[PDB]
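Chemist: Structure incoming, see below.
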Amino acid sequence: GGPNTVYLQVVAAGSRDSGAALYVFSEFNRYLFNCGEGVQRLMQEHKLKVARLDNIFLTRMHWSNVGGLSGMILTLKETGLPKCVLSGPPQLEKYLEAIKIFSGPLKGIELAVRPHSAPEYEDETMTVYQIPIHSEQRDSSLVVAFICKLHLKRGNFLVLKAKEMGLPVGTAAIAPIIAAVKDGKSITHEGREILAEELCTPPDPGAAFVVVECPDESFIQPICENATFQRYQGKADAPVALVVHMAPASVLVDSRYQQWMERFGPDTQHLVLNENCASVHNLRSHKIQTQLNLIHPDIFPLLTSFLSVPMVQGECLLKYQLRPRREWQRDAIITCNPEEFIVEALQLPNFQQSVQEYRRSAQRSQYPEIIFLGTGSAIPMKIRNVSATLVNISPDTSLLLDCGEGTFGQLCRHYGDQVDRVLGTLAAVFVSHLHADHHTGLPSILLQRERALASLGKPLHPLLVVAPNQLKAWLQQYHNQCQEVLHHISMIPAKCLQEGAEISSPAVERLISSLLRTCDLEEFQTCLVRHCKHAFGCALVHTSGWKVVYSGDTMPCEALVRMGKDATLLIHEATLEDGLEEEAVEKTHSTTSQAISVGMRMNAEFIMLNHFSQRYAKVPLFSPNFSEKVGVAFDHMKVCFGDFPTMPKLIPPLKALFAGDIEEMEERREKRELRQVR
Amino acid sequence: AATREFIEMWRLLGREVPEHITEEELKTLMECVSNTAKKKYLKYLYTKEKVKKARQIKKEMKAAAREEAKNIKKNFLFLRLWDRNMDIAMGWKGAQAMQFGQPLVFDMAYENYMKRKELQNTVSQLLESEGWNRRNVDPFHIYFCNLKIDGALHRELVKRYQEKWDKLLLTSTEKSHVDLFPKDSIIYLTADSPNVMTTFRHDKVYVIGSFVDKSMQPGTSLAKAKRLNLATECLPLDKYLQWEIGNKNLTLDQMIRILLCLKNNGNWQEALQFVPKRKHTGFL
RNA sequence: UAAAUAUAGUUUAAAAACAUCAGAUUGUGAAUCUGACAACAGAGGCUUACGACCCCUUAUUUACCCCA
Ligand SMILES: *O[C@H]1[C@@H](O)[C@H](n2cnc3c(=O)[nH]c(N)nc32)O[C@@H]1COP(=O)(O)OP(=O)(O)OP(=O)(O)O
Ligand SMILES: C[S@@+](CC[C@H](N)C(=O)[O-])C[C@H]1O[C@@H](n2cnc3c(N)ncnc32)[C@H](O)[C@@H]1O
Ligand SMILES: [Zn+2]
Ligand SMILES: [Zn+2]
């Protein structure tokens, strides 16, 4: 008779990194409110199974809310979830159609959008109401508020009470009647028509919680004059347990919002998710980076971390229990103590000695710096995100090689308060191809760049994006149907920057000139690499002379080798491991040996490997080949040209730190060989 | 204590609780800090008294059947003193083993990691292990190492063995195995060892961890065997058996019986016959 | 990642059988007697109760290969 443990848990606490996301749990059904960029990872990292989700409720049609939405569908498709319902704005329908431009047919899973126009969603657990709120002077004006009312729960049978009046206990015998006792139907036993209300515990009327998003000042007035809210405000028979406010600080302080919050009972708890939290979300990233920081502080830098109505400031994995008690549960709160990480690392077998001996061994321009924001493929993990490399040409110029869901968050945890200047520094974005891990982070960067330009006072101008043509279509659809983003983009087709490319329209030619002038580059070439078509690698040549080459997802490519001749740095991929050559040919990827061999054909002074799989995530399997020239990227790893000689020396310390994970990866290799034999 | 009155209301609800609880077990009811943990404890006592009753009822049933049989109801070489004589014979072998026999070490350094439930089971397993060693044609010289005199495991061993504890033909010492034997000749057995056991070596001392981790702590035996720089080995279960279900960490009694027949010039098949059959589906 | 799966002596069954320990000078059913030990992976819940139902941890197997 209804779920008996229902709680709300905060996936994302509303920081600039993560946005806001709210996870609702019951015995029967699991819900998630919103789906920002990086909810997928925040959830996997914290062992919240997405495979069980019924509905994803989205409060607004914004990339903040739906950034990671295209992300989960891919993944929970894999888990093999037959159906998932997207509840929120009606424009979600067109969003799904836009997603399919790059995401494939999205068959195998059924996505049914149920908008706020639809009748209510009834479940085992709750009945959910959608309230459409329209701002005061494609819809930018629409937000949705959710009132979720739990079903009536049958009262617990009091066997003691039955036997008190002399009614038979009959744990098994009167069990059919016990069901009637639960139902509260009058009982014929005891020689009289005794109502079962007295036999069972009082049935709770049901708790309701409200998830209301007020993006800014516009929406305050509409919320405070909402007829539907006023029904649940002050009406004695209908109390509201919790309200989850995803409004910023400015909205909440307003007298009008304060008054509205007061109008819910004094017993109502209020939860706030906004930028004021700045709690730690990605614990394992913080842990690893703190330990990596021991090895080399420069190459592995530290990640930056931080009235009328009684409000509870959202923290990650904060929990409000609805049944069987109403209380704040703070047990699974994310605690990050850097000192603890250090002690744990120092206690490892050989890490202390390897690090110490590195320092004994220790005792070119500072630009460019290559920041590796994320170095993994496909599904994001605890330690590696999806693809992003930031090239800082100069103190005042930067260029973003690929930008995937999670990328802005990586940038934001990398730079903290300094992310504003970095965003304003950003000149170009390059997208290698149209796999959903190379471009899905772009809309966040576009929107956040706008926010950064305003803060620094700089004029707002479009961001130069070098990407395939197919990206425009995805963005044109998102602009047309969902949200305006195309004013942020001056896109140069990747085919225009190819060697021996036909002169495009004068617009594109003029854009190309601005690309070179802004980034201070002498050349920016692209070539067609061998990755399921319309996939590009780029070469940056700087006026100083140095060349850096990005492969992207590819196989061993002659064109890339011809292009990147005598590169200073190559960034190539090692998605597959050596011995999985038959995997590489079909996925159109590289192995570590193949990636290195490409480097050696180019006479690259140094080679970095990225886009590893999760199969080799915690530590890519270090092949013995070419120590001095080959390096391995982690997230938040800074590489300069000065650091080329230290990179070889980092392997002995790195191997010691990730020794645990090396063993397991080696066993997988051995087990595979045994499986191949058997 | 309130626990005596506490259980009364649980009895009324019929949550599988036994008739009576001894004052000793009342103390162990206080230990449980959870309703769930109490439930698991009460069920254990519930099934314990049930089997006590059933055995007793089957006992006096047999007794009544035996007495009625009595009512209904030569040149020997030997008197019937076989059980007595076998115990003496096994004694003589045990003394010989203590002088010449190959060492085999049970490490008793695991009391900290075990709860009360797991601790009794370890002693039960140790009892069986020594038995199979006793009854063997070529017994190991059994060492109890890292056995505190006043420890829980020592106290439990004394209870189960009674006066026989002093008279057991095995060596118990508070000392470690690294103190008693050369460090090179110690091979620590654990399922987590990367090194597979290829053949039984008669020159080696084998250390078996007296550890029943129902609450699984992986690698603890390995961690001990690394802190002291010892060689570790694992059984070739993967090689010889088609593993389907179950834990690869065998019980002590199984371990010794595997070793005993390995020592006695058996092959791995004859040895792995002691591996629980529910865990594998034949030899490959 | 997903699925089933997990009997701490062994099986079977949905509790028994066979084992284990201590005592025994046994007139050849000691084929017994008197005791000891009794925990279907682990932790926490829900419920009138349950080995069902939920959750977590570990482990096994298999499938997947990572978002194909
Ligand atoms: O969530 C899983 C999954 O993403 C990945 N994983 C590991 N093996 C497989 C596999 O065979 N198939 C698939 N599809 N996915 C696989 O690993 C995740 C679980 O990792 P955990 O965080 O639980 O553990 P971790 O590897 O971090 O442990 P350790 O090796 O550091 O101890
Ligand atoms: C159940 S195991 C204890 C498990 C413990 N977690 C560990 O790490 O060993 C009891 C003892 O039996 C031995 N053992 C059990 N299975 C083994 C196997 N497959 N190979 C080697 N030794 C084994 C080990 O000596 C072990 O300490
Ligand atoms: Zn990729
Ligand atoms: Zn790709």
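Chemist: Which count do you get for residues in region A:168-178 that are within 50 Å of the chain's Cα centre (by Cα) and surrounded by 14 or more Cβ atoms within 10 Å (Cβ to Cβ)?
Modeler: The qualifying residues number 1.
Chemist: I've got another one for you. Inside region B:133-252, counting only helices (runs of 4 or more DSSP H) that do not spill past its ends, which hold 1 or more residues that are within 14 Å of chain A (Cβ to nearest Cβ) and either closer than 30 Å to residue B:91 by Cα or within 16 Å of ligand 1 (Cβ to nearest atom) (or both)?
Modeler: On the way: elements: B:152-161, B:164-167, B:177-180, B:220-227, B:237-240.
Of the helices (runs of 4 or more DSSP H) lying wholly inside region B:133-252, those with at least 1 residues that are within 14 Å of chain A (Cβ to nearest Cβ) and either closer than 30 Å to residue B:91 by Cα or within 16 Å of ligand 1 (Cβ to nearest atom) (or both) span B:220-227.
Chemist: Condition first: among the polar types (S, T, N, Q) and either assigned to a strand (DSSP E or B) or farther than 25 Å from residue A:302 by Cα (or both). Now tell me which residues in region A:584-617 satisfy that.
Modeler: Those that are among the polar types (S, T, N, Q) and either assigned to a strand (DSSP E or B) or farther than 25 Å from residue A:302 by Cα (or both): A:588, A:590, A:591, A:592, A:593, A:594, A:597, A:603, A:610.
Chemist: Residues of region A:290-305 being among the β-branched types (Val, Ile, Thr) and more than 19 Å from residue A:645 (Cβ to Cβ), which ones?
Modeler: Applying the first criterion (among the β-branched types (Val, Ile, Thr)) to region A:290-305 yields A:290, A:295, A:299, A:304.
Those that are among the β-branched types (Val, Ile, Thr) and more than 19 Å from residue A:645 (Cβ to Cβ): A:290, A:304.
Chemist: If you go through region A:343-382 one residue at a time, how many are away from ligand 3 (no atom under 16 Å from the Cβ) and away from every other protein chain (no Cβ under 14 Å)?
Modeler: Here the count works out to 26.
Chemist: Among the listed residues A:147, A:101, A:109, identify the single one that is more than 14 Å from chain B (Cβ to nearest Cβ), over 21 Å from residue A:436 (Cβ atoms) and not small (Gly, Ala, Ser).
Modeler: That would be A:147, the only listed residue that is more than 14 Å from chain B (Cβ to nearest Cβ), over 21 Å from residue A:436 (Cβ atoms) and not small (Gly, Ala, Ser).
Chemist: Whether any residue in region A:549-568 is within 16 Å of residue A:438 (Cα to Cα) and either more than 16 Å from ligand 3 (Cβ to nearest atom) or among the small types (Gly, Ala, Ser) (or both) is what I want to check.
Modeler: Scanning region A:549-568 turns up at least one residue that is within 16 Å of residue A:438 (Cα to Cα) and either more than 16 Å from ligand 3 (Cβ to nearest atom) or among the small types (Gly, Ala, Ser) (or both).
Chemist: A follow-up question, please. Could you figure out which of (1) within 17 Å of residue A:372 (Cα to Cα); (2) within 14 Å of another protein chain (Cβ to nearest Cβ) isn't true of residue A:610?
Modeler: Of (1) within 17 Å of residue A:372 (Cα to Cα); (2) within 14 Å of another protein chain (Cβ to nearest Cβ), only one is false for residue A:610: (2).
Chemist: For region A:99-190, list the strands (runs of 3 or more DSSP E) that sit wholly inside it and hold at least 2 residues that are out of contact with any helix residue (DSSP H, G or I) (no Cβ under 9 Å at 6 or more places or on another chain) and β-branched (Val, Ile, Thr); which are they?
Modeler: The strands (runs of 3 or more DSSP E) meeting that bar are A:126-134.
Chemist: Restricted to region A:527-577, and to residues that are touching a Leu at 6+ places or on another chain (Cβ under 8 Å) and of a type in the set (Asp, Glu), which residue is farthest from ligand 4 (Cβ to nearest atom)?
Modeler: The qualifying residue farthest from ligand 4 (Cβ to nearest atom) is A:577.
Chemist: Further question on the same structure: Select from region A:391-414 the residues that are more than 24 Å from residue A:512 (Cα to Cα) and outside any helix (DSSP H, G or I) and list them in ascending order.
Modeler: A:405, A:406
Chemist: Please work out which residue is farthest from residue A:477 (Cα to Cα), limiting yourself to region A:76-100 and to residues that are of a type in the set (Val, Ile, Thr) and surrounded by fewer than 18 Cβ atoms within 10 Å (Cβ to Cβ).
Modeler: Only one residue fits best here, namely A:79.
Chemist: Working carefully through the options A:405, A:327, find the one that is under 23 Å from residue A:47 (Cα atoms) and within 16 Å of ligand 3 (Cβ to nearest atom).
Modeler: Going through A:405, A:327 in turn, just one is under 23 Å from residue A:47 (Cα atoms) and within 16 Å of ligand 3 (Cβ to nearest atom): A:405.
Chemist: Tell me, yes or no, whether region A:144-161 has at least one residue that is among the β-branched types (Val, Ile, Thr) and within 20 Å of residue A:244 (Cβ to Cβ).
Modeler: There is at least one residue in region A:144-161 that is among the β-branched types (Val, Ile, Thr) and within 20 Å of residue A:244 (Cβ to Cβ).
Chemist: Can you go through A:67, A:1, A:14 and tell me which one is closer than 22 Å to residue A:437 by Cα and not basic (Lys, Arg)?
Modeler: A:67
Chemist: Right, another one. Does region B:209-230 contain any residue that is within 8 Å of RNA strand C (Cβ to nearest atom) and within 22 Å of residue B:172 (Cα to Cα)?
Modeler: Yes: region B:209-230 contains one or more residues that are within 8 Å of RNA strand C (Cβ to nearest atom) and within 22 Å of residue B:172 (Cα to Cα).
Chemist: Also, quick follow-up: Find the strands (runs of 3 or more DSSP E) located wholly in region A:1-66 whose residues include 2 or more that are polar (S, T, N, Q), and list them.
Modeler: Filter on region A:1-66 gives an empty set.
Chemist: Something else about it: May I ask you to verify whether residue A:620 is assigned to a loop (DSSP other than H, G, I, E, B), out of contact with any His (no Cβ under 6 Å at 6 or more places or on another chain), more than 14 Å from chain B (Cβ to nearest Cβ) and away from ligand 1 (no atom under 16 Å from the Cβ)? Lay out the reasoning, then the answer.
Modeler: Working: assigned to a loop (DSSP other than H, G, I, E, B): yes; out of contact with any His (no Cβ under 6 Å at 6 or more places or on another chain): yes; more than 14 Å from chain B (Cβ to nearest Cβ): yes; away from ligand 1 (no atom under 16 Å from the Cβ): no.
No; evaluated as a whole, the condition is false for this residue.
Chemist: When the residues of region B:90-112 are filtered to those that are in contact with a helix residue (DSSP H, G or I) (Cβ under 8 Å, 6 or more places away or on another chain) and aromatic (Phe, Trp, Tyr), which remaining residue is farthest from residue B:186 (Cα to Cα)?
Modeler: Here the residue is B:110.
Chemist: Among the numbered criteria (1) within 14 Å of chain B (Cβ to nearest Cβ); (2) closer than 19 Å to residue A:193 by Cα, which one does residue A:166 miss?
Modeler: All conditions pass for residue A:166, except number (1).
Chemist: Here is a follow-up. Tell me, which residue of region A:415-464 that is part of a strand (DSSP E or B) and within 16 Å of ligand 3 (Cβ to nearest atom) is surrounded by the fewest Cβ atoms within 10 Å (Cβ to Cβ)?
Modeler: A:429
Chemist: Here's something else I'd like to know. Before we move on, is residue A:231 more than 14 Å from chain B (Cβ to nearest Cβ) and farther than 30 Å from residue B:14 by Cβ?
Modeler: Yes: the conditions hold for residue A:231.
Chemist: Conditions first: (1) within 14 Å of chain B (Cβ to nearest Cβ); (2) more than 50 Å from the chain's Cα centre (by Cα). Residue A:192 passes all but one, so which condition is the exception?
Modeler: (1)
Chemist: Would you check if there is a residue in region B:50-73 being part of a loop (DSSP other than H, G, I, E, B) and more than 16 Å from ligand 2 (Cβ to nearest atom)?
Modeler: yes
Chemist: List every residue pair whose Cβ atoms lie under 8 Å apart, where the two residues are 6 or more positions apart in sequence or sit on different chains, the first residue falls within region B:262-284 and is closer than 17 Å to residue B:206 by Cα, and the second residue, located anywhere, is of a type in the set (A, V, I, L, M) and exposed (fewer than 11 other Cβ atoms within 10 Å of the Cβ).
Modeler: Listed by first residue and then by second, the contacts come to B:264/B:137.
Chemist: Moving on. Do you know which of the residues in region A:645-661 that are more than 16 Å from residue A:609 (Cβ to Cβ) and in a helix (DSSP H, G or I) is farthest from the other protein chains (Cβ to nearest Cβ)?
Modeler: Restricting to residues being more than 16 Å from residue A:609 (Cβ to Cβ) and in a helix (DSSP H, G or I), the top hit is A:649.
Chemist: To continue, here is another question. Got a sec? Which of A:76, A:86 is in a strand (DSSP E or B) and over 15 Å from residue A:148 (Cα atoms)? Can you show your working first?
Modeler: Values: A:76 fails: in a strand (DSSP E or B).
The match here is A:86.
Chemist: Sort out which residues of region B:1-21 are in a helix (DSSP H, G or I), surrounded by fewer than 12 Cβ atoms within 10 Å (Cβ to Cβ) and more than 14 Å from chain A (Cβ to nearest Cβ), and write them in order of number.
Modeler: Within region B:1-21, B:2, B:4, B:5 qualify.
Chemist: Hey, residue A:208 hits all of (1) among the aliphatic types (A, V, I, L, M); (2) within 27 Å of residue B:11 (Cα to Cα); (3) buried (at least 18 other Cβ atoms within 10 Å of the Cβ); (4) away from chain B (no Cβ under 14 Å) but one; which does it fall short on?
Modeler: Only one criterion in (1) among the aliphatic types (A, V, I, L, M); (2) within 27 Å of residue B:11 (Cα to Cα); (3) buried (at least 18 other Cβ atoms within 10 Å of the Cβ); (4) away from chain B (no Cβ under 14 Å) is unmet by residue A:208, namely (2).
Values quoted throughout were computed directly from the atomic coordinates according to the rules given, and no laboratory measurement underlies them. Cβ coordinates were reconstructed from backbone atoms using ideal geometry, including for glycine residues, and neighbour counts include every protein chain displayed.
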